[PDB]
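As structure tokens, the structure follows; a few thoughts come after it.
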Amino acid sequence: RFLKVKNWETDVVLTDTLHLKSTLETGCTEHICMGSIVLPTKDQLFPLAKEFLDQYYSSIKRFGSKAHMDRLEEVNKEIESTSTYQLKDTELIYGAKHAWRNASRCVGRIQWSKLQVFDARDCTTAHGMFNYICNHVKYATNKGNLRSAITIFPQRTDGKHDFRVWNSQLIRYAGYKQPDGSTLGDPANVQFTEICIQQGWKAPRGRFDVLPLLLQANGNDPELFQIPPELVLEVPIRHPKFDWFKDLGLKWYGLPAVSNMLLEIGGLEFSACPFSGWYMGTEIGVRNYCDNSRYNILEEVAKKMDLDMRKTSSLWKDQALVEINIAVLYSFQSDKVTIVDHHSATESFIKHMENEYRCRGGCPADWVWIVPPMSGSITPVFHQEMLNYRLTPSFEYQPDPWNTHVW
Amino acid sequence: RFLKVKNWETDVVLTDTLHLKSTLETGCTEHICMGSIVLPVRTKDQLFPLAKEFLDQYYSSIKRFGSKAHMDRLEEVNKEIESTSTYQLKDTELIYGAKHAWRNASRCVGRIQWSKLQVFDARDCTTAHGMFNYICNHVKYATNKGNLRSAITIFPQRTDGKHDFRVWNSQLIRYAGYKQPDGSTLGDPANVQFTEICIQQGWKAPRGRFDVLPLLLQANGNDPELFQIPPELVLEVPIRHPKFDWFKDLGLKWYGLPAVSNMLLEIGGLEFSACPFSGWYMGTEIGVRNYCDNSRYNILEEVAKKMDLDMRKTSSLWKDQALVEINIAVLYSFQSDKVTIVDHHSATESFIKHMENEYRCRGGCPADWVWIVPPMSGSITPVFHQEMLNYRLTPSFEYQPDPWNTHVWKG
Ligand code: HEM
Ligand code: HEM
Ligand SMILES: CNCc1cc(OCc2ccc3ccc(N)nc3c2)ccc1Cl
Ligand SMILES: CNCc1cc(OCc2ccc3ccc(N)nc3c2)ccc1Cl
Ligand SMILES: C[C@H](O)[C@H](O)[C@H]1CNc2nc(N)[nH]c(=O)c2N1
Ligand SMILES: C[C@H](O)[C@H](O)[C@H]1CNc2nc(N)[nH]c(=O)c2N1
Ligand SMILES: [Zn+2]
């Protein structure tokens with residue numbers, strides 16, 4: 001019941017006590033593990049608030065203090081009165097940072113406490129949302145010196161007044177299906193790229209068209225907004241050895257800013273909370289260029305390299321896949337844009353792990369997502385046993401707006 | 001209760017109904033997932049239900065469920081349990097359990113071949129020499145001059161646990177590893193402990209970087225004995241690279257037969273503590289794990305040095321670059337000597353087909369994603385985007401404590 005994890009490369013053993021403060025469920029049972037599955041009222045609300053405020057006041061060395069119990073009462077009362085409650089600013093920040101801290105699938109959590117939190121809870125319209133988002137993008141980009149950020153729109157009320165950013169990331173390239181059969185732009189975004197046009201977006205029908213923002217305030221019909229191009233830092237992709245690479249016409253954007261998750265604090269639900277950090281190299285090169293259901297340029301790169309694409313056993317995909325990721329990292333670093341390689345990130349995470357076990361008694365971690373999609377076993381996370389469980393505050397998935405929105 | 005796994009690359013959804021036949025525990029709960037953790041004497045009391053379960057399965061598969069043959073066999077097994085406290089498996093039954101133990105191995109990416117497994121019944125074996133003999137014939141048959149064949153040799157089942165047969169080796173064929181006084185390691189670092197054991201058991205170690213370890217065989221719970229596999233039975237492949245001519249000069253070679261010999265085979269409540277089995281290598285086992293892992297031969301750097309890589313910052317991906325070349329070489333050498341091998345793209349492609357087939361014809365295929373995904377180039381193999389369900393089915397291959405930790409020394 002006080003669980004142990006072993007690193008099989010270093011023999012190091014940590015003891016996880018933090019898991020006993022877990023609350024939500026995993027999907028697994030004693031009969032069947034689901035680790036590889038991608039997606040598994042007033043009386044409900046107060047125990048949740050107490051749990052949060054209890055952990056909040058503990059973290060500031062004021063557990064069971066006057067201030068603590070005061071607030072606990074203050075919140076208890078407001079719930080009885082208003083059927084919800086509002087977070088103090090200090091609690092908001094704490095909640096945000098800890099949702100990142102508890103994000104078991106995020107390899108990048110070593111930075112967790114450095115989160116810049118933008119309180120956008122006064123926002124009332126899509127135009128308002130657009131402004132807050134532009135400000136978030138500008139601050140995070142910082143001319144290439146990326147800083148982590150989250151902007152938080154009003155919490156859910158009765159579920160009919162949901163704030164939502166429909167885009168999955170603030171910045172992503174359009175994908176359009178083609179007359180011949182294939183796909184131009186970015187296949188992952190094809191459906192959304194449609195929904196945008198269905199809302200009256202005029203697509204330049206290019207390969208790298210920055211998608212418009214589709215913002216929904218107070219449960220209203222969502223509106224389209226174009227991010228000022230001067231706020232979208234892009235990197236042209238070239239290889240440091242191969243000069244034909246540039247002719248592939250590749251670039252990628254500097255700012256990964258996930259916008260579709262729900263942020264849960266003290267039982268309050270923030271359905272619009274776009275957050276951002278910086279890219280790990282493989283995210284763009286392994287996943288975004290080379291996945292079959294994506295840019296799938298592997299073929300082309302290997303052809304330009306004149307590799308024996310005849311049998312799998314030449315490992316030409318592997319060879320190509322490496323060069324591509326070499327280029328991505330090369331390009332970003334050349335343009336002074338923050339990026340991290342998978343070796344650096346995973347090492348950083350193993351250190352963050354030792355820290356968390358040491359000063360918190362554990363660190364929920366999801367090995368299926370922490371191990372990079374290339375060169376897995378030569379990164380330190382591979383031989384690292386991990387324990388996965390759900391702590392609060394948390395980022396949760398939520399249904400896509402176009403499947404819910406009452407028009 | 002039905003469960004759906006989706007494939008996120010192809011949107012193909014499958015439905016698992018087989019997980020309901022699962023009995024054993026996973027280690028997971030609703031509050032904690034342990035899917036990334038590596039590790040998890042029996043009385044007549046629990047034996048017959050375990051036996052009945054198995055025999056039911058068997059007779060179902062041969063389409064004789066409820067038959068007189070089935071009922072008599074249950075009765076027959078029953079009486080033998082109440083009289084002898086255990087029971088013997090018919091040969092048909094032994095073969096079935098063997099194949100299914102493999103078939104149920106949720107970590108095995110190579111299960112597409114499961115029904116084609118040569119089962120050698122060593123249940124008449126009584127001594128270590130007897131074991132050496134059976135094992136030698138296994139290696140010879142399985143190797144087959146390089147055209148590898150799956151096989152397993154099953155030694156006497158456990159009785160009171162005081163008379164176990166065990167192969168003390170983790171695989172039948174493995175290179176020695178020697179710790180040096182300067183803290184460096186000569187040979188395969190994976191095997192240092194086992195090497196010391198052998199040496200202490202009287203093994204004259206040549207102390208080279210590729211010495212094939214002796215077998216250490218225990219029969220009937222007696223102290224284990226050393227035997228040397230005849231070199232002519234040990235097929236080895238010198239590793240060269242198809243474009244880099246300096247790669248041969250690294251002096252590397254690897255053996256062709258992966259034969260794991262330290263697992264326990266469970267069938268019908270019976271426990272076969274010595275059941276060495278073998279198939280053929282997936283390139284990445286040797287090329288990523290066996291050479292490049294930091295706690296193995298660690299030639300990663302030396303290969304990168306000779307490729308004149310920018311080994312200063314990791315951002316050059318020199319490690320990844322050297323890794324791929326080392327796997328290219330491994331596949332190249334094995335194909336060049338006509339020794340059976342499979343690359344990780346081929347293996348995972350086949351597993352996906354196997355898996356899909358299993359869902360249709362069997363209603364599921366237990367699979368451990370953490371182990372099925374290859375140790376390099378993960379997301380460019382089809383398994384990466386395949387959701388999987390992991391659960392435990394018997395017959396099964398189980399882990400078991402190293403015999404040196406649990407053995408009682410006669411002397
Ligand atoms: C600063 C550098 C950061 C890096 C390098 C990083 C890296 C990653 C990576 C590689 C993944 C796997 C995602 C995939 O492969 O699709 C991930 C997931 C995730 N990241 Fe981080 N991240 C960073 C910052 C942040 C920040 C600022 C937040 C939130 C405040 C965050 C929260 C999350 C969450 C919640 C997930 C998983 C979402 C899910 O469950 O699907 N990360 N991250
Ligand atoms: C014939 C070609 C085969 C291939 C290509 C293959 C491939 C693999 C690979 C790559 C692993 C990963 C192990 C690791 O990386 O540590 C594995 C695991 C495993 N294989 Fe197979 N295998 C084959 C045959 C067999 C046979 C003949 C058996 C049994 C009769 C078997 C049973 C198992 C079991 C039980 C595991 C899990 C190891 C564990 O639980 O620790 N495989 N297989
Ligand atoms: C629908 N599947 C859920 C899903 C969520 C995902 O979230 C990815 C994610 C989330 C936050 C990030 C923060 C920084 C960063 N560099 N990457 C980040 C990546 C990614 C893939 C999938 Cl498949
Ligand atoms: C306790 N760790 C379990 C473990 C099992 C292992 O078994 C590997 C294994 C087992 C069966 C195999 C069958 C065929 C094959 N080519 N490789 C095979 C490889 C290897 C490493 C570890 Cl760490
Ligand atoms: C901690 C971790 O689960 C462990 O090192 C596993 C990870 N996945 C693996 N997968 C395979 N195929 N072989 C292995 O040895 C391992 N090691
Ligand atoms: C099927 C599998 O669970 C799914 O593809 C996961 C695997 N691991 C992943 N890991 C990361 N970091 N990102 C991903 O999108 C995925 N996809
Ligand atoms: Zn699990």
Side-chain angles (χ1 to χ4, degrees), chain A residues 5-10 12 35 350 365-368 370-371 376-377 379-388, chain B residues 34-40 95 97-120 138 142 148-154 170-174 190 255-266 272 275-290 293 295-296 340-344 346-348 350-351 354 366-376 378 383 390 392 395-402:
Chain A
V5 292
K6 178 181 179 180
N7 183 305
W8 289 77
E9 183 186 331
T10 70
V12 175
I350 301 296
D366 183 342
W367 191 103
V368 173
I370 300 291
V371 176
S377 70
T379 65
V381 286
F382 191 87
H383 310 78
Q384 184 60 55
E385 285 181 347
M386 299 175 194
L387 277 163
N388 192 19
Chain B
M34 310 230 305
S36 99
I37 307 300
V38 186
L39 297 171
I95 292 147
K99 292 176 178 187
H100 285 254
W102 186 3
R103 191 180 183 183
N104 296 336
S106 62
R107 296 187 167 166
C108 184
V109 70
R111 290 181 267 158
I112 186 175
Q113 297 281 347
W114 75 271
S115 60
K116 306 165 209 164
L117 169 75
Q118 186 48 243
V119 176
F120 295 117
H138 182 126
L148 273 39
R149 307 187 259 190
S150 307
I152 171 157
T153 299
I154 299 162
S170 47
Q171 300 167 237
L172 299 182
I173 305 182
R174 280 208 95 142
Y255 50 92
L257 191 63
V260 179
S261 46
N262 62 12
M263 294 189 84
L264 183 157
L265 169 60
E266 221 235 54
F272 299 91
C275 51
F277 56 80
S278 70
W280 52 81
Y281 268 115
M282 182 165 80
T284 51
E285 297 181 84
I286 321 165
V288 194
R289 316 309 314 285
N290 282 319
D293 273 18
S295 297
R296 300 304 295 272
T340 303
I341 197 178
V342 65
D343 59 84
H344 53 288
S346 174
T348 53
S350 290
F351 175 76
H354 167 67
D368 185 334
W369 189 101
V370 161
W371 286 70
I372 294 300
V373 180
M376 61 164 293
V383 291
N390 193 19
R392 272 167 62 174
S396 79
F397 289 112
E398 294 295 355
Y399 299 104
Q400 44 160 4
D402 304 324

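Both counts, for ligands and for their atoms, begin at 1 and track the order of listing. Here is the naming used below: chain letters follow the sequence lines, and residue numbers restart at 1 for every chain. As a basis for the values below, the full set of heavy atoms in this structure was taken, side chains included, without hydrogen atoms, waters or symmetry mates.
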Legend entry - Heavy atom of the protein closest to atom 8 (C) of ligand 2 (residue, atom name, distance): B:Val109 CG1, 4.0 Å
Legend entry - Which of the ligand 5 atoms, numbered from 1, are nearer than 4.0 Å to a heavy atom of A:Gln384: 1 (C)
Inset, instruction - Considering heavy atoms of the protein only, find what lies nearest to atom 10 (C) of ligand 2 and give residue, atom and distance to 0.1 Å. - result: B:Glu285 CD, 3.5 Å
Legend entry - Part of B:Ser278 with heavy atoms under 4.0 Å of ligand 2, whether side chain, backbone, both or neither: backbone
Inset, instruction - Check the pair B:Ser396 / B:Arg392 against side-chain hydrogen bond (donor to acceptor under 3.5 Å, both in side chains), numbers first and verdict last. - result: CA-CA 8 Å; B:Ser396 79; B:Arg392 272 167 62 174; 5.7 Å; no
Legend entry - Residue, atom name and distance, where the atom is the protein heavy atom closest to atom 40 (O) of ligand 2: B:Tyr399 OH, 2.7 Å
Legend entry - Any donor-acceptor N/O pair, B:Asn290 side chain to B:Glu285 backbone, under 3.5 Å: yes
Inset, instruction - Identify, by atom number and element, the atoms of ligand 5 in contact range of A:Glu385, meaning under 4.0 Å from any of its heavy atoms. - result: 1 (C)
Legend entry - Test item: B:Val383 and B:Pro374 side chains (from C-beta on) under 4.5 Å apart, heavy atoms: yes
Inset, instruction - Assess the side chains of B:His344 and B:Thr284: does a donor N or O sit below 3.5 Å from an acceptor N or O? - result: no
Inset, instruction - Specify side chain, backbone, both or neither for B:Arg111, according to which of its non-hydrogen atoms lie closer than 4.0 Å to ligand 2. - result: neither
Legend entry - Under 3.5 Å: donor-acceptor pair, side chain of B:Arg111, backbone of B:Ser106: yes
Legend entry - Proximal atoms of ligand 5 relative to A:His383 (non-hydrogen, under 4.0 Å): 1 (C), 5 (O)
Inset, instruction - Give yes if a backbone or side-chain nitrogen or oxygen of B:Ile37 is under 3.5 Å from a nitrogen or oxygen of ligand 5, and no if not. - result: no
Inset, instruction - Using protein heavy atoms only, decide if any is under 4.0 Å from atom 12 (C) of ligand 2. - result: no
Legend entry - Side-chain donor/acceptor of B:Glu266 to backbone N/O of B:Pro395, under 3.5 Å: no
Legend entry - Nearest protein heavy atom with distance in Å, relative to atom 29 (C) of ligand 2: B:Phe277 CD1, 3.2 Å
Inset, instruction - Classify the ring geometry between B:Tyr281 and B:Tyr255 as parallel (under 30°), tilted (30 to 60°) or perpendicular (over 60°). - result: tilted
Legend entry - A:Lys6 vs B:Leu39 side-chain heavy atoms within contact, under 4.5 Å: no
Legend entry - Protein heavy-atom partner closest to atom 16 (O) of ligand 2 - residue, atom, separation in Å: B:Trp371 CZ3, 3.6 Å
Inset, instruction - For A:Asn7 and A:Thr10, indicate whether the former's side chain and the latter's backbone hold a donor-acceptor pair under 3.5 Å. - result: yes
Inset, instruction - Do me a favour and list the nearest non-hydrogen protein atom to atom 37 (C) of ligand 2 with residue, atom name and distance? - result: B:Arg107 CB, 3.8 Å
Inset, instruction - Decide whether an N or O pair under 3.5 Å exists between B:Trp102 and ligand 2. - result: yes
Inset, instruction - Tell me, please: is B:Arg289 in heavy-atom contact with ligand 5, that is, under 4.0 Å? - result: yes
Inset, instruction - Measure the distance from atom 19 (C) of ligand 2 to every protein heavy atom, then report the residue, atom name and distance (to 0.1 Å) of the closest one. - result: B:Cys108 CB, 3.7 Å
Inset, instruction - Give the numbers and elements of all ligand 5 atoms closer than 4.0 Å to a heavy atom of B:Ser36. - result: 1 (C), 2 (C), 3 (O)
Legend entry - Min side-chain heavy-atom separation A:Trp367-B:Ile37 under 4.5 Å: no
Legend entry - Heavy-atom donor-acceptor pair, B:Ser295 side chain to A:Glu9 backbone, under 3.5 Å: yes
Legend entry - Closest protein heavy atom to atom 17 (N) of ligand 5, given as residue, atom name and distance to 0.1 Å: B:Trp371 CZ2, 3.7 Å
Legend entry - Protein contact to atom 7 (C) of ligand 5 [nearest heavy atom, distance to 0.1 Å]: A:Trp367 CZ2, 3.6 Å
Inset, instruction - Measure up the B:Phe277 and B:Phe397 rings against each other and bin them: parallel (under 30°), tilted (30 to 60°), perpendicular (over 60°). - result: tilted
Inset, instruction - For atom 2 (C) of ligand 5, find the nearest protein heavy atom and state the residue, atom name and distance (0.1 Å precision). - result: A:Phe382 O, 3.3 Å
Inset, instruction - Provide, to 0.1 Å, the distance between atom 8 (N) of ligand 5 and the closest protein heavy atom, together with that atom's residue and name. - result: B:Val370 O, 3.0 Å
Legend entry - Nearest protein heavy atom with distance in Å, relative to atom 3 (C) of ligand 2: B:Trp280 O, 3.7 Å
Legend entry - Sidechain-backbone polar pair: B:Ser350 side chain, B:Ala347 backbone, donor-acceptor under 3.5 Å: no
Show the distances, to 0.1 Å, for all pairs joining an N/O atom of ligand 4 and a protein N/O atom that are shorter than 3.5 Å, listing one pair per line.
residue: ligand 4; atom: 16 (N); partner: B:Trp280; partner atom: O; Å: 2.8
residue: ligand 4; atom: 16 (N); partner: B:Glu285; partner atom: OE2; Å: 2.9
residue: ligand 4; atom: 17 (N); partner: B:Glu285; partner atom: OE1; Å: 2.7

